[PDB]
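Before any comments, here is the structure.
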Amino acid sequence: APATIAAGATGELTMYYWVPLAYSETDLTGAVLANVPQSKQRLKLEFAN
Amino acid sequence: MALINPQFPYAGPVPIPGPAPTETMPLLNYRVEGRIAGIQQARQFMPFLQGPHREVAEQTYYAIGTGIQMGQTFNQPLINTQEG
């Protein structure tokens with residue numbers, strides 16, 4: 001992210017998130033076995049405006 | 001041969017709206033008696049002959065006679081008087 005966007009300038013932001021389901025890569029606590037033919041998962045994402 | 005999900009299992013089928021049950025049952029279609037109509041002719045004026053044909057032609061013959069056989073006037077040899 002640019003630390004300062006001047007009058008007239010344009011800045012480009014980049015950001016990564018990890019939304020966890022399991023606890024870690026060696027601990028499967030909280031993981032979801034998604035082999036469901038009739039129901040779907042949902043990931044609601046609400047962004048800045 | 002599907003594997004049962006133990007975390008998200010499902011049950012058997014529930015009742016749903018149906019397609020008006022008599023409208024999936026047909027009638028049994030009721031045949032009347034029939035007839036191959038008309039009086040059939042016994043024979044047909046066919047466009048091709050119904051018999052065998054021959055691939056090659058063979059020459060045929062008939063015997064003839066010659067005639068009354070006549071005599072002849074031969075030229076006769078000379079006498080063998082130890083010159084011959």
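In the text below, chain A, chain B and the rest are named by the order of the sequence lines, each starting its count at 1.
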Identify, with sequence neighbours excluded, every residue that meets side-chain contact (heavy atoms from CB on, under 4.5 Å) alongside A:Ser24. A:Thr26, A:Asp27
Once side-chain contact (heavy atoms from CB on, under 4.5 Å) is applied, do any residues pair with A:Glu12, and if so which ones, sequence neighbours excluded? A:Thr10
Tracing side-chain links under 4.5 Å among I, L, V, M, F, W and Y, which residues wind up in one group with B:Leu3? none
Looking at every non-hydrogen atom in both residues, tell me the closest pair between B:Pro6 and B:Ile4 and how far apart they are. CD-O, 3.3 Å
Verify the neighbour count for atom CD of A:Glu25: are there more than 12 heavy atoms of other residues, nucleotides or ligands below 6.0 Å? no
Look up atom CD1 in A:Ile5 and atom CG in A:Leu13, then write down how far apart they are to the nearest 0.5 Å. 6.5 Å
Considering only distance and modelled atom types, tabulate donor-acceptor pairs under 3.5 Å from the side chains of residues 7-27 of chain B, sequence neighbours left out.
{"from": "B:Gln7", "atom 1": "OE1", "to": "A:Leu33", "atom 2": "N", "distance (Å)": "2.7"}
{"from": "B:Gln7", "atom 1": "NE2", "to": "A:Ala31", "atom 2": "O", "distance (Å)": "3.0"}
{"from": "B:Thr24", "atom 1": "OG1", "to": "B:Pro21", "atom 2": "O", "distance (Å)": "3.0"}

Sequence neighbours excluded, which residues qualify as side-chain contact (heavy atoms from CB on, under 4.5 Å) partners of A:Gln41? A:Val32, A:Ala34
Any side-chain heavy atom of A:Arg42 sitting closer than 4.5 Å to one from A:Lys44? yes
Sequence neighbours left out, cut at 3.5 Å: what donor-acceptor pairs do the side chains of residues 38-66 of chain B make with other protein atoms?
{"from": "B:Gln41", "atom 1": "NE2", "to": "B:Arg43", "atom 2": "O", "distance (Å)": "3.1"}
{"from": "B:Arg54", "atom 1": "NH1", "to": "B:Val56", "atom 2": "O", "distance (Å)": "3.2"}

With sequence neighbours left out, what residues match B:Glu83 under side-chain contact (heavy atoms from CB on, under 4.5 Å)? none
